[PDB]
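A quick write-up on the structure given underneath.
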Amino acid sequence: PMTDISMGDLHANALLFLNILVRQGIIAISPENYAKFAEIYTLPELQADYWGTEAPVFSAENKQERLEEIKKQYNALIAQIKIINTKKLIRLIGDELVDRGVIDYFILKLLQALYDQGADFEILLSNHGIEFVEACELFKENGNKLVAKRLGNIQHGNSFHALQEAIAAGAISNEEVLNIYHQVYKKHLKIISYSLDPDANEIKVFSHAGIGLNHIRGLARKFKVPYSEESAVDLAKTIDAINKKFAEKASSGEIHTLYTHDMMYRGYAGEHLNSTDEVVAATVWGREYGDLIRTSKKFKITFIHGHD
């Protein structure tokens with residue numbers, strides 16, 4: 001009923017996420033419940049780098065009790081949030097999980113409420129989000145635990161560490177997290193996305209990091225779909241095909257097969273990722289994939305992405 005919502009990198013800040021959803025007319029929440037939400041979000045016992053590296057709650061003898069009381073009240077607030085706009089599209093440019101914010105549980109519950117009440121949203125694949133994907137996809141492999149040791153070496157994921165510790169303390173269940181992963185999170189994931197104006201032969205391409213047409217061509221090759229750039233409409237059709245193949249990988253629990261960990265170390269380090277098999281790593285890290293192509297004579301394009 002207005003322009004698409006495009007959110008910057010949230011860094012797992014659930015209150016920032018809430019604020020945008022309220023200010024953009026997606027959700028209604030009372031002022032008193034908003035204040036309760038902000039209070040829970042900034043509880044000293046949940047803040048890392050406050051009295052130690054760890055949030056105080058995780059060194060407390062009664063950590064389970066503390067976390068249970070926070071969790072039940074948090075979920076009571078979620079249950080009082082109403083989605084009031086199901087037509088406005090919400091695009092998350094990424095970093096909604098596994099990042100500097102307090103705990104991934106908070107944004108996971110928000111995503112679940114958005115989905116359950118019919119909001120339209122999409123999540124652009126990021127290096128942070130990919131660690132959550134891998135942890136969930138390899139849950140059984142890792143002995144029924146959410147872990148991602150090698151990916152955790154290249155980025156700070158306080159909010160995911162807090163999730164792991166809360167699960168270890170018995171306050172949050174693997175089954176709840178995994179249900180949200182499979183039922184909510186993974187089917188709203190896109191590698192790249194777009195807004196298309198067919199009459200103007202113009203397209204806006206959205207991605208977590210800086211890419212060009214060369215990345216999209218590499219992705220079409222990686223997923224074995226035809227690449228066409230004969231028009232803005234044709235490029236949109238190509239992007240649809242790329243995301244359809246990606247969703248099949250999401251469904252089979254095989255997103256983690258689209259990269260190797262050496263690609264992610266070199267991605268973090270800032271290197272070129274020019275080999276065809278590295279194109280997913282090159283896209284999420286915004287690294288060189290051959291010559292960067294940002295103009296076509298056959299249509300107008302603007303690229304929209306986050307920064308670092």
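Labels used: A, B, ... for chains in the order of the structure tokens, numbers from 1 for residues in each chain, and numbers from 1 for ligands as shown.
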Quiz item: So which residues of segment 65-264 of chain A fall under strand (DSSP E) by DSSP, listed as a ChimeraX atom specification?
Solution: /A:82-83,89-92,120-124,189-190,193-197,202-207
Quiz item: Leaving out residue 40 of chain A and any residue of its chain fewer than 5 positions from it, which residues lie within 12 Å of it when counting only C-alpha atoms, given as a ChimeraX atom specification?
Solution: /A:14-15,33-35,45-47,66-67,69-77,102-103,106
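Around residue 286 of chain A, within 10 Å and counting only C-alpha atoms, the residues found are residues 126, 207, 208, 209, 210, 211, 212, 215, 267, 268, 270, 272, 273, 279, 280, 281, 282, 283, 284, 288, 289, 305, 306, 307 and 308 of chain A, once anything fewer than 2 positions away on its own chain is removed.
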Exercise. Any chance you could list, as number ranges by chain, the residues in segment 65-287 of chain A that come up alpha helix (DSSP H) when DSSP is run on the backbone?
Key: A: 65-78, 104-116, 127-137, 149-152, 158-168, 174-180, 213-222, 232-252, 261-269, 279-285
How about saving the chosen residues, C-alpha atoms kept, as an mmCIF file, in the first residue's frame?
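Result file follows (result38.cif):
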```cif
data_model
loop_
_atom_site.group_PDB
_atom_site.id
_atom_site.type_symbol
_atom_site.label_atom_id
_atom_site.label_comp_id
_atom_site.auth_asym_id
_atom_site.auth_seq_id
_atom_site.Cartn_x
_atom_site.Cartn_y
_atom_site.Cartn_z
ATOM 1 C CA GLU A 65 15.362 -20.046 35.682
ATOM 2 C CA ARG A 66 16.438 -16.593 34.481
ATOM 3 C CA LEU A 67 16.142 -17.551 30.802
ATOM 4 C CA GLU A 68 12.785 -19.325 31.248
ATOM 5 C CA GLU A 69 11.230 -16.225 32.823
ATOM 6 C CA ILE A 70 12.525 -14.006 29.996
ATOM 7 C CA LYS A 71 11.346 -16.488 27.368
ATOM 8 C CA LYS A 72 7.789 -16.856 28.621
ATOM 9 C CA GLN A 73 7.295 -13.091 28.879
ATOM 10 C CA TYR A 74 8.920 -12.506 25.494
ATOM 11 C CA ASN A 75 6.563 -15.034 23.904
ATOM 12 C CA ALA A 76 3.610 -13.377 25.678
ATOM 13 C CA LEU A 77 4.603 -10.113 23.989
ATOM 14 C CA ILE A 78 4.876 -11.835 20.595
ATOM 15 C CA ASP A 104 18.633 -15.168 17.848
ATOM 16 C CA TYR A 105 15.508 -16.511 19.563
ATOM 17 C CA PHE A 106 14.037 -12.989 19.561
ATOM 18 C CA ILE A 107 14.109 -12.456 15.794
ATOM 19 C CA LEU A 108 13.162 -16.085 15.132
ATOM 20 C CA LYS A 109 9.912 -15.587 17.058
ATOM 21 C CA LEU A 110 9.265 -12.335 15.190
ATOM 22 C CA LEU A 111 9.744 -14.058 11.832
ATOM 23 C CA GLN A 112 7.381 -16.840 12.955
ATOM 24 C CA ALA A 113 4.645 -14.339 13.862
ATOM 25 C CA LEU A 114 5.137 -12.514 10.553
ATOM 26 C CA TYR A 115 4.711 -15.800 8.684
ATOM 27 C CA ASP A 116 1.820 -17.156 10.771
ATOM 28 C CA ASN A 127 27.379 -14.988 5.533
ATOM 29 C CA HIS A 128 25.804 -14.578 8.990
ATOM 30 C CA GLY A 129 22.578 -16.265 8.016
ATOM 31 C CA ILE A 130 24.397 -19.058 6.289
ATOM 32 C CA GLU A 131 25.944 -20.113 9.614
ATOM 33 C CA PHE A 132 22.420 -20.594 11.008
ATOM 34 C CA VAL A 133 21.472 -22.551 7.866
ATOM 35 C CA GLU A 134 24.491 -24.828 8.206
ATOM 36 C CA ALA A 135 23.952 -25.404 11.926
ATOM 37 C CA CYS A 136 20.346 -26.409 11.301
ATOM 38 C CA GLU A 137 21.050 -28.535 8.219
ATOM 39 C CA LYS A 149 32.710 -24.103 14.327
ATOM 40 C CA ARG A 150 34.489 -23.188 11.071
ATOM 41 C CA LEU A 151 31.979 -20.513 10.048
ATOM 42 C CA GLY A 152 32.131 -19.133 13.589
ATOM 43 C CA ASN A 158 26.975 -13.277 19.768
ATOM 44 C CA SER A 159 23.271 -13.740 19.143
ATOM 45 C CA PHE A 160 23.793 -17.327 17.978
ATOM 46 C CA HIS A 161 26.246 -18.150 20.771
ATOM 47 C CA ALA A 162 23.584 -16.895 23.200
ATOM 48 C CA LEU A 163 21.085 -19.207 21.497
ATOM 49 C CA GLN A 164 23.425 -22.211 21.833
ATOM 50 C CA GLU A 165 23.979 -21.474 25.511
ATOM 51 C CA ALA A 166 20.277 -21.041 26.188
ATOM 52 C CA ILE A 167 19.610 -24.395 24.544
ATOM 53 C CA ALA A 168 22.434 -25.965 26.564
ATOM 54 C CA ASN A 174 16.333 -27.534 19.571
ATOM 55 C CA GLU A 175 12.950 -28.659 18.252
ATOM 56 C CA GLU A 176 11.456 -25.152 18.462
ATOM 57 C CA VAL A 177 14.465 -23.600 16.717
ATOM 58 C CA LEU A 178 14.515 -26.304 14.038
ATOM 59 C CA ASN A 179 10.769 -26.022 13.454
ATOM 60 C CA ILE A 180 11.113 -22.281 12.836
ATOM 61 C CA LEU A 213 25.449 -9.265 -13.688
ATOM 62 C CA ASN A 214 28.537 -11.505 -13.746
ATOM 63 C CA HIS A 215 27.512 -13.022 -10.393
ATOM 64 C CA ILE A 216 23.980 -13.699 -11.644
ATOM 65 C CA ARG A 217 25.404 -15.404 -14.725
ATOM 66 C CA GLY A 218 27.636 -17.510 -12.493
ATOM 67 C CA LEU A 219 24.676 -18.443 -10.289
ATOM 68 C CA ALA A 220 22.587 -19.529 -13.269
ATOM 69 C CA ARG A 221 25.509 -21.747 -14.325
ATOM 70 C CA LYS A 222 25.966 -23.140 -10.794
ATOM 71 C CA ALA A 232 14.691 -6.573 -17.510
ATOM 72 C CA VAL A 233 11.796 -9.065 -17.661
ATOM 73 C CA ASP A 234 14.170 -11.750 -18.944
ATOM 74 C CA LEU A 235 16.668 -11.117 -16.149
ATOM 75 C CA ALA A 236 13.853 -11.371 -13.616
ATOM 76 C CA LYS A 237 12.905 -14.711 -15.158
ATOM 77 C CA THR A 238 16.511 -15.860 -14.764
ATOM 78 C CA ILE A 239 16.549 -14.754 -11.115
ATOM 79 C CA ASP A 240 13.298 -16.659 -10.493
ATOM 80 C CA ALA A 241 14.937 -19.785 -11.935
ATOM 81 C CA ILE A 242 18.013 -19.338 -9.745
ATOM 82 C CA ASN A 243 15.873 -18.930 -6.629
ATOM 83 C CA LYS A 244 13.719 -21.945 -7.536
ATOM 84 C CA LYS A 245 16.784 -24.175 -7.702
ATOM 85 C CA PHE A 246 17.998 -22.612 -4.450
ATOM 86 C CA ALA A 247 14.679 -23.387 -2.752
ATOM 87 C CA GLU A 248 15.077 -27.025 -3.807
ATOM 88 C CA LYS A 249 18.415 -27.036 -1.982
ATOM 89 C CA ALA A 250 16.684 -25.448 1.005
ATOM 90 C CA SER A 251 14.035 -28.195 0.921
ATOM 91 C CA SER A 252 16.592 -31.030 0.808
ATOM 92 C CA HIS A 261 34.689 -23.676 4.155
ATOM 93 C CA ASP A 262 37.931 -22.685 2.411
ATOM 94 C CA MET A 263 35.807 -20.450 0.167
ATOM 95 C CA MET A 264 34.404 -18.720 3.238
ATOM 96 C CA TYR A 265 37.797 -18.115 4.847
ATOM 97 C CA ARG A 266 39.070 -16.574 1.621
ATOM 98 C CA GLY A 267 35.778 -14.722 1.296
ATOM 99 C CA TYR A 268 36.203 -13.249 4.749
ATOM 100 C CA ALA A 269 39.839 -12.399 3.983
ATOM 101 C CA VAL A 279 29.941 -18.216 -7.037
ATOM 102 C CA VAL A 280 27.641 -18.578 -4.015
ATOM 103 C CA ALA A 281 30.521 -17.626 -1.714
ATOM 104 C CA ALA A 282 31.409 -14.778 -4.098
ATOM 105 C CA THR A 283 27.807 -13.530 -3.993
ATOM 106 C CA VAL A 284 27.270 -13.587 -0.222
ATOM 107 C CA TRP A 285 30.696 -12.013 0.410
#
```
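Near residue 29 of chain A, within 12 Å and counting only C-alpha atoms, sit residues 18, 19, 21, 22, 23, 25, 33, 34, 35, 36, 37, 77, 78, 79, 80, 81, 82, 83 and 84 of chain A, not including residues fewer than 4 positions from it in the same chain.
Taking atom CA of residue 120 of chain A and atom CA of residue 92 of chain A as endpoints, the distance between them is 11.2 Å.
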Quiz item: Between A:3, A:101, A:291, A:11, which is the closest to residue 49 of chain A once you count only C-alpha atoms?
Solution: A:101
Self-check item: Between atom CA of residue 90 of chain A and atom CA of residue 204 of chain A, distance in Å (one decimal)
Solution: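 Calculated distance between atom CA of residue 90 of chain A and atom CA of residue 204 of chain A is 14.8 Å.
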Practice problem: Enter the distance from atom CA of residue 27 of chain A to atom CA of residue 191 of chain A, in Å, rounded to one decimal. | Solution: 26.0 Å
Self-check item: Shortest interatomic distance to residue 259 of chain A - which of A:51, A:172, A:276, A:297, counting only C-alpha atoms
Solution: A:276
